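Below: one structure, written as structure tokens.
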Amino acid sequence: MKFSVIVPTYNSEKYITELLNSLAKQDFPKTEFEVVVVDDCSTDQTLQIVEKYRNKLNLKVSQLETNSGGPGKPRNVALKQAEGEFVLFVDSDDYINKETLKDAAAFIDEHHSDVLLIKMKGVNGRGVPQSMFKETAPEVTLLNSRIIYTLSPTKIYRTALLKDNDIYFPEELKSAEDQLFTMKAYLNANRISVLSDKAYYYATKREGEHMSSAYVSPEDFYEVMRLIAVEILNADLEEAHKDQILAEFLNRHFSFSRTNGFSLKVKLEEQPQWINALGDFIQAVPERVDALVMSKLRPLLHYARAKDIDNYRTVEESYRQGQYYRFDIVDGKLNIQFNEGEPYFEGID
Ligand SMILES: CC(=O)N[C@H]1[C@@H](OP(=O)(O)OP(=O)(O)OC[C@H]2O[C@@H](n3ccc(=O)[nH]c3=O)[C@H](O)[C@@H]2O)O[C@H](CO)[C@@H](O)[C@@H]1O
């Protein structure tokens with residue numbers, strides 16, 4: 001069997017039909033893929049809707065006896081049941097192009113990808129990464145492409161890549177669980193490819209809670225970030241490349257995650273919890289890596305590593321206001337001292 005399409009469900013009755021219709025409309029043999037649905041203890045009619053496709057799809061259904069607290073555990077249960085040569089993770093409120101499995105099977109057959117990124121499209125307002133999907137590419141790397149800016153699991157992965165290297169989702173975690181999973185898959189794959197010939201993965205914005213907006217404590221969130229830093233630094237790769245991958249991950253994280261601006265947005269009285277958790281993550285990053293990140297991040301790494309919220313916050317407010325304690329302009333960039341007696345940080349733009 002070529003593919004296992006893995007679908008975690010949770011009270012998905014209002015939309016799960018759109019996904020299952022897109023799976024049944026695949027212009028790809030139904031004998032060559034299976035749909036592995038693991039229901040995270042829904043209380044609605046999700047499962048009765050899924051069972052209407054039993055004779056239409058190669059279908060595997062099971063249900064956890066209690067809600068696991070996120071997508072991770074149902075996808076892990078499904079991954080173990082999966083028999084396809086490759087897996088594709090699709091969320092219950094999304095759907096896929098009818099040529100997706102055909103196009104991906106044809107592309108994998110020629111290029112032997114271990115991880116295949118497939119171009120996504122936002123539906124009614126949903127934002128989706130696009131910077132890595134401007135071109136189809138048989139071979140890309142963590143350092144010569146923007147794949148690190150997309151860590152969602154809505155990609156195709158060789159099943160043996162995941163299982164031979166023991167790559168699973170963290171469980172009982174509302175969100176960011178995918179970042180470690182996909183970074184592990186990136187770090188272990190012999191070849192990563194990008195298929196951009198059409199819109200393959202449609203990501204919707206329905207309502208009710210979306211996981212990636214549910215509460216996760218700073219402690220749980222930044223533990224996944226620390227594990228990622230540990231994972232990179234332990235990969236079987238040359239030392240300089242590992243540092244460079246960690247730096248790129250840090251550029252992404254400080255630009256796009258909840259870390260960005262947290263000292264401006266989080267209630268003052270909650271910020272010591274944030275800097276203690278963020279600092280535990282930055283303390284796993286060797287200081288030599290700071291020289292490789294975007295220069296504007298170097299003071300944030302500095303004060304995070306010292307768990308110094310007052311100076312971290314001064315940096316963020318200085319950026320936001322454009323008011324600095326002292327600074328020089330050298331080569332069109334800023335050399336900034338953010339507070340009396342503190343270091344100057346150079347090259348900021
Ligand atoms: C970036 C992207 O394109 N999609 C990700 C985004 O989607 P998103 O924020 O939309 O998260 P969702 O609410 O759709 O949950 C994702 C999937 O997990 C299932 N679910 C949800 C709650 C639960 O307790 N048990 C359960 O199985 C949903 O039915 C759904 O199939 O944030 C999630 C949390 O990191 C990721 O896993 C999604 O893949």
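For ligands, and for the atoms within them, numbers begin at 1 and follow the listed sequence. We use all heavy atoms of the structure for the numbers below, so side chains are in, but hydrogens, waters and symmetry mates are not. Heads up: numbering here begins at 1 and tracks the sequence.
With hydrogens left out, the protein atom closest to atom 35 (O) of ligand 1 is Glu177 OE1, 2.7 Å, a heavy atom. Taking atom 2 (C) of ligand 1 as the reference point, the nearest protein heavy-atom neighbour is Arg126 NH2, 3.2 Å. Looking only at heavy atoms of the protein, atom 10 (O) of ligand 1 is closest to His210 ND1, 2.7 Å. Taking atom 20 (N) of ligand 1 as the reference point, the nearest protein heavy-atom neighbour is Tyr10 CB, 3.9 Å. With hydrogens left out, the protein atom closest to atom 5 (C) of ligand 1 is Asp91 OD2, 3.8 Å, a heavy atom. Ranking the protein heavy atoms by distance from atom 32 (O) of ligand 1 puts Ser212 CB, 3.3 Å first. Among protein heavy atoms, the minimum distance from atom 19 (C) of ligand 1 is reached at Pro8 O, 3.8 Å. In terms of protein heavy atoms, atom 24 (O) of ligand 1 is closest to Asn67 ND2, 3.0 Å.
The aromatic rings of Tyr202 and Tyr95 lie parallel to each other, their planes meeting at an angle below 30°, with 60° marking the opposite boundary.
Put simply, no part of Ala203 is less than 4.0 Å from ligand 1, judged by heavy atoms. Contact analysis leaves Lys205 out of contact with ligand 1, as no non-hydrogen atom separation drops below 4.0 angstrom. No heavy atom of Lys73 sits closer than 4.0 Å to any atom of ligand 1. Residue contacts with ligand 1 leave out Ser213, since none of its heavy atoms falls under 4.0 Å from the ligand.
Between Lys198 and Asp103 there is a salt bridge, with a side-chain nitrogen of the basic residue lying less than 4.0 Å from a carboxylate oxygen of the acidic one. With respect to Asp308 and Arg313, no salt bridge is recorded, no charged nitrogen being found less than 4.0 Å from a carboxylate O.
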(request) Before giving the answer on salt bridge (charged side-chain N to carboxylate O under 4.0 Å, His left out), spell out for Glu239 and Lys242 the whole-Å C-alpha distance, their side-chain angles and the decisive distance to 0.1 Å. (result) CA-CA 5 Å; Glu239 204 67 35; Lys242 292 147 106 178; 3.4 Å; yes
From CA spacing to verdict: salt bridge (charged side-chain N to carboxylate O under 4.0 Å, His left out), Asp166, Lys163:
CA-CA 5 Å; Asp166 194 51; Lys163 291 188 176 168; over 6 Å; no
* After noting the C-alpha distance and the side-chain angles of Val115 and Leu161, does the key distance pass the side chain to side chain contact (heavy atoms under 4.5 Å, CB included) rule? -> CA-CA 9 Å; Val115 171; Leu161 168 83; 3.8 Å; yes
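For ligand 1, the atoms sitting less than 4.0 Å from at least one non-hydrogen atom of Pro74 are 27 (O), numbered in the order shown with element in parentheses. Residue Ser175 has at least one heavy-atom neighbour below 4.0 Å for each of these atoms of ligand 1: 34 (C), 35 (O). Heavy-atom contacts of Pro153 reach the following atoms of ligand 1: 39 (O) (cutoff under 4.0 Å). When each atom of ligand 1 is checked for a heavy atom of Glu209 under 4.0 Å away, the hits are 13 (O). Residue contact check: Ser12 has heavy atoms under 4.0 Å from atoms 29 (O) of ligand 1. Here is the list of ligand 1 atoms found below 4.0 Å of a heavy atom in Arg75: 36 (C), 37 (O), 38 (C), 39 (O).
With a 6.0 Å cutoff to the six-membered ring centre and a 45° limit on the axis angle, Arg258 counts as a cation-pi contact of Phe221. No cation-pi contact links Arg252 to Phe256, judged by a cut-off of 6.0 Å to the six-membered ring centre and 45° from its axis. Judged by the 6.0 Å and 45° rule, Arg298 forms no cation-pi pair with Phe345.
For the residue pair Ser4 and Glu34, a side-chain donor N or O sits within less than 3.5 Å of a side-chain acceptor on the partner.
For the pair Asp39 (side chain) and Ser42 (backbone), a donor-acceptor distance under 3.5 Å is present.
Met211 and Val7 fall into different hydrophobic clusters, where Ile, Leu, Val, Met, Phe, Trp and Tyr residues are linked whenever their side-chain heavy atoms come under 4.5 Å apart, directly or through other members.
The side chain of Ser152, and not its backbone, has at least one atom closer than 4.0 Å to an atom of ligand 1 (non-hydrogen atoms only; side chain from C-beta on). Contacts between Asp93 and ligand 1, counted as non-hydrogen atom pairs separated by less than 4.0 Å, involve the side chain only. For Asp40, every heavy-atom contact with ligand 1 shorter than 4.0 Å involves the side chain, none the backbone.
The only member of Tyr319, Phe262, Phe254, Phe338 that meets ring-ring contact (aromatic ring centres under 6.0 Å, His included) when paired with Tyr312 is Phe262. In summary, of the residues considered (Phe86, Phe169, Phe89, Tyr168), a ring-ring contact (aromatic ring centres under 6.0 Å, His included) with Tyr157 occurs for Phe89 alone.
The shortest N or O to N or O distance between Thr154 and ligand 1 is not under 3.5 Å.
Here the shortest heavy-atom distance to atom 30 (C) of ligand 1, taken over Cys41, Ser92, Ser68, belongs to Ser92. Looking at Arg206, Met211, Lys174 and measuring to atom 14 (O) of ligand 1, the nearest heavy atom belongs to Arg206.
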